[PDB]
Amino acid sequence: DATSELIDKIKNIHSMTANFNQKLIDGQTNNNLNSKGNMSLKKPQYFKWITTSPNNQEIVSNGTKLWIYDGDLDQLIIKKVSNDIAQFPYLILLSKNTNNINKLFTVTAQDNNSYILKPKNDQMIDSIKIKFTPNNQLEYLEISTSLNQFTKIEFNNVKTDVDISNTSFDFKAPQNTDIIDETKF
């Protein structure tokens, strides 16, 4: 029921770009940490998350490689992509059916077009809240974790059904980047 309503909204986001503002509330340090940036998404497997302030970071996935770039360290970690929706909330936003979500999460619908996902077996994530605007646009994500951290990500300047070329999601390292390639066999 609730899972089906959520996926109907997600499956209809074929591509998207947006700005984001992130506030991270850390209970173990009692620090409130702010950041901002932009994101791009394209079904079925493309995701890009760029932090522009205060740090420079990029997470990019093309369905084959996951690139984790820290601009302040000039360091790149490369991993293989798994459809690990329990670990990566943004993979929920690429979903097209309810099969794996229902096996890994209990999903509840609430008023004002929001949904709460609670893992059935997970220690890291306590809950994921996905909120849509009345006209079914992505509005914010809230992620609560057993590290006692609460992350709220709010989207603005949302644009959908842009035509992003697939090469936009193939990361090209800057010159002299420190590489940790974890895909080598």
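Start at 1 and count along the sequence shown; that's the residue number.
Student: Which wins on mean Cα temperature factor, 23-31 or 44-52?
Tutor: According to the entry, 23-31 carries the higher average C-alpha B-factor.
Student: Which has the higher mean CA temperature factor in the PDB entry, 134-142 or 32-40?
Tutor: The recorded data point to 134-142.
Student: If you compare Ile78, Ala86, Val81, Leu93, which has the highest Cα B-factor in the entry?
Tutor: The record points to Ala86.
Student: I'd like to know which of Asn121, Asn62, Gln57, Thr160 has the highest C-alpha temperature factor in the PDB entry.
Tutor: Among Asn121, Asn62, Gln57, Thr160, the PDB entry lists the largest C-alpha B-factor for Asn121.
Student: For the chain shown, is the CA B-factor of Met16 in the lowest, middle or highest third of its modelled residues?
Tutor: Lowest third, going by the recorded CA B-factors of the chain.
Student: How does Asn156 rank on Cα B-factor within its chain, lowest, middle or highest third?
Tutor: According to the entry, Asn156 has a C-alpha B-factor in the chain's middle third.
Student: Which third of the chain does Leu117 land in by C-alpha B-factor: lowest, middle or highest?
Tutor: Its C-alpha B-factor belongs to the middle third of this chain's values.
Student: Taking the chain's C-alpha temperature factors as the reference, tell me which third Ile164 falls into: lowest, middle or highest.
Tutor: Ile164: CA B-factor falls in the lowest third of its chain.
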